[PDB]
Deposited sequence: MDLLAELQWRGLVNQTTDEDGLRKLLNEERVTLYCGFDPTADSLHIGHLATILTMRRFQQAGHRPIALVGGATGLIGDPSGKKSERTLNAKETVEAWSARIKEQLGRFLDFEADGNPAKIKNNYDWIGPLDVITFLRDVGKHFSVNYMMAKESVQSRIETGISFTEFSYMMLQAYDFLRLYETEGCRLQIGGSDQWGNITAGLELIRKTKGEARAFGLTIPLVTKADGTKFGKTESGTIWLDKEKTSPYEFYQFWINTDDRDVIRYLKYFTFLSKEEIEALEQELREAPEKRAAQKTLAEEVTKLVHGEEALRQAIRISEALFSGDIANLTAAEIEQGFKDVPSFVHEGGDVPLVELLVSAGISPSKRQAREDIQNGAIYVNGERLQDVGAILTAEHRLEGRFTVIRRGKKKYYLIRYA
């Protein structure tokens, strides 16, 4: 209803399976949603914050988030939004990394709330031990090759080339949504733009096994200059303060271009509309002041790292 309008307004809704459908339910019930995380590194990064912060926002309007760590799938590899086939990582690496991601994840969610506290889960627990035969019959039977072949993630790669391994990724992710629906009452799966195919894939698995649930994608982060967001010359801007220091984190935000700043405040912060509009007026009336740029930077650094870190960054700058 209004949470969906806010998101809309903030510009956090790229697509939704059935908006009137979802808006209805969001307003009538406490909705369990998940979002999936693949240990693709030893740290999450600012590409992951929109989705992370969106969960929070869903939590704050009283809904319950399951941060999902991908111990099994990050063992497979999601072709989505990748032009090339990736390298398969070792179980040990993935295992190692899973533990960290779980840690960064837990900072953004509320585990003490009563009625809607998070859960952080690992699909390795239900993927780990499912036998091949069972997967192909139980899950595979439900998907035609041609449904699968039409996915943006796949269609985008067939001449490029794609391992059968990567080709089946969507099936796992598919399966995830089903276990979470069955065991946790999970009705919404949200994600970034590139994840739409894998979300619907899960809705196709649910419909076909039960015959109820939604999908919402967040747009990928835009730049007015047409360059790739978060891609600095120094390299990725991590969430691990040992990977990217609080000062560096801080400075990244402080260097937001006038063109981006109101979009980023909307995406990454908890300032109200009334506050954001106010900053918009000051960016117009006094853009050398850099009022919106400091508010963004303070707000986000506090979120990720906390006041002391913030206090340090500011004092260091």
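Unmodelled segments of the deposited chain, in sequence order: 212-213, 320-419.
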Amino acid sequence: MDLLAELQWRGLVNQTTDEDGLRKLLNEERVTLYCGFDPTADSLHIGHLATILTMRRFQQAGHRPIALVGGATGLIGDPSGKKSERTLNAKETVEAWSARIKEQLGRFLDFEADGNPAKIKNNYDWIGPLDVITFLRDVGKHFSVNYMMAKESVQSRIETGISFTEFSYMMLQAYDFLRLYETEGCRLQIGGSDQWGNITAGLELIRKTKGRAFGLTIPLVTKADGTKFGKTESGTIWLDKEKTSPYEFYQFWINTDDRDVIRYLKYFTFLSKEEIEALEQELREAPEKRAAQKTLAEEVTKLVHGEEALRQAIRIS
From here on, numbers count along this sequence of modelled residues.
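The PDB entry reports B-factors from which the mean C-alpha value can be compared for 171-179 and 84-92; the larger average falls on 84-92. Once the C-alpha B-factors are averaged per stretch, 21-29 and 7-15 rank with 21-29 first.
Per the PDB entry, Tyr247 shows the highest C-alpha temperature factor of the residues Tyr124, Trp196, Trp97, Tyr247.
Highest C-alpha temperature factor among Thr160, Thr209, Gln189, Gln104 per the entry: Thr160. Annotation for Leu271: C-alpha temperature factor in the middle third relative to the rest of the modelled chain, per the entry. Per the deposited record, the Cα B-factor of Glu277 falls in the middle third when ranked against the other modelled residues of its chain. Among the modelled residues of its chain, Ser234 has a C-alpha B-factor that falls in the highest third, as given in the PDB entry. When all modelled residues of the chain are sorted by CA temperature factor, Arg290 is found within the highest third. In the PDB entry, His45 places in the lowest third of its chain by CA B-factor.
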